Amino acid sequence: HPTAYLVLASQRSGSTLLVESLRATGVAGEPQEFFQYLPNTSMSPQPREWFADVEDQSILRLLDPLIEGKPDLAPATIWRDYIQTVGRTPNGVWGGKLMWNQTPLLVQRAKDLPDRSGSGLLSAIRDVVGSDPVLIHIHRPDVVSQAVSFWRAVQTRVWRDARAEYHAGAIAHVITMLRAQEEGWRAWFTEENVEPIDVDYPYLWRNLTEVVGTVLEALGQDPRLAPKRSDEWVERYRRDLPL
């Protein structure tokens, strides 16, 4: 009987609908992107960071200026422990989100734990979470609609409106990137022989309460608790590059 789940995904791929949907039951932990923070800035990736290899100024200017933060200096054990306690409901169940771009981070961070128990991503997850989470995998076949929502979100800084410009080269960039996270997870599932509870977004949109219940079920929770404008850029980005 697993005491923890972890949702594997990509930015704006749906993980939110599921994951918040879980949080509300109040028996599925307090999922967060516990692994999003960069160690040199103790911040989430910032807009100019996602585009650090873009020297096209026309896209650059659309993005906020960097903030310099500060190195996270928590010892590995202290880092793990904070995450373990914040993410977990009184019932004792833990949840959180993990994006594929964050995997190296997590693995970098676990490296200096005592009793580390492997050297790969799977051990990392195990050693950080403290048990063997129910892996779940929300994905999106419509990369363009997603890239679009991403390229908007990175400008406005809002991930759940006046400044937001279209831009082909950028969307291309975001697409090239989201695609890579997919190949990332794909290769990994085979790499360490794992079979997630796979659930693409359309299915997820349609059947929320079904899924929110299966996950609920896999954690030994009563599945009872599972509760109930077009993109011009997406039309546009087709005409105009990768997909």
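Residue numbers here begin at 1 and follow the sequence given.
Where residue 228 is followed by residue 229 in the displayed chain, the model omits 4 to 9 of the deposited residues that sit between the two. According to the record, 4 to 9 deposited residues between residue 240 and residue 241 are left without atomic coordinates. As recorded in the PDB entry, 218 to 226 is the stretch of 218 to 226 and 10 to 18 with the greater mean C-alpha temperature factor. Judged by mean Cα B factor in the deposited record, 140 to 148 ranks above the other of 140 to 148 and 120 to 128.
Within the listed group 30, 33, 210, 64, the record reports its top CA B-factor for 210. When the C-alpha B factors of 172, 93, 162, 158 are read from the deposited coordinates, the top value falls at 162.
Residue 70: CA B factor in the middle third of modelled residues in this chain (values from the PDB entry). Among all modelled residues in this chain, the alpha-carbon of residue 47 has a temperature factor (C-alpha) in the lowest third. When the CA B factors of the chain's modelled residues are split into thirds, the value for residue 199 lands in the highest one.
Remark: residue 176 belongs to the lowest third of its chain, ranked by C-alpha B-factor as recorded. Ranked within its chain, residue 58 lands in the middle third, by CA B factor from the PDB record.
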